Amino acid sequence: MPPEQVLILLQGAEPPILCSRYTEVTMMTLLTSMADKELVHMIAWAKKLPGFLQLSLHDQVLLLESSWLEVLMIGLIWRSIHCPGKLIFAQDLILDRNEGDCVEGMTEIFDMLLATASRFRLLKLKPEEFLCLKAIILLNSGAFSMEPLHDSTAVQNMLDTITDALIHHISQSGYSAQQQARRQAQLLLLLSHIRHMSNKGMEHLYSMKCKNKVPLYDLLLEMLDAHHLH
């Protein structure tokens, strides 16, 4: 499958635009509500990725369990790429850095997202680049946690097809062979910071609900429970 078709398929697999409908409990309800709704469509997004359905059901749950928060946050960052000092969770749900105070430790997590958003601008991130990154995030997970991959190589095959798609995209974006090979580096180095926010988000979302302040969602809680933190 040629990469230029892979870039169109990644665009087609994109989940729909979602809408919504503040103190500590209200902030958490609103964000956890949006997470659970996006989690449902993220399942559909993954299935459309080439080779995903051919994986075992054991491997499909494994990648989604390991990367769901990373996948969420890169999506939230990408929706806020062109809105400064603001996190665009939904089109009608716009929050700034200030009102994270309502939740303890939230304002810390907002700044790392906003900085990653402001970074995306300076790099002039393109939509094709984001689609490969968000896809690469799903498959680069499940490289340790724990639990093993039944078909570890098949996942690497899908990862290399998206790698080649991102490479192909950069090869025809107006970049010389010097900056061509380095733009790939600048985009993949962002994956470490996103994973860092994942561990901070998971740990924050675990302190809550263990404080009995997160609403009962059966999908969100199954995804948090999939990490088995303490």
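Counting begins at 1, following the sequence as shown.
Per the record, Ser145 and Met146 are separated by 4 to 9 deposited residues that have no coordinates.
According to the record, the deposited sequence contains no missing residues between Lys211 and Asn212, so the chain is continuous there. Relative to one another, 218 to 226 and 7 to 15 have unequal mean CA B-factors, and 218 to 226 is the one with the higher figure. For the pair 195 to 203 and 171 to 179, the mean B factor over Cα atoms is greater in 171 to 179. When the C-alpha B-factors of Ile94, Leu139, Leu133, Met73 are read from the PDB record, the largest value belongs to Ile94.
For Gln184, the recorded CA B-factor ranks within the lowest third of the chain. Only modelled residues enter the ranking. Placement of the Cα temperature factor of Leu159 within the chain: lowest third of the modelled residues, per the deposited record. Per the PDB record, residue ranking by Cα B-factor puts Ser67 in the lowest third of the chain. For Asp101, the recorded CA temperature factor ranks within the highest third of the chain's modelled residues. In the deposited entry, the Cα temperature factor of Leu57 sits in the middle third of values across the chain's modelled residues.
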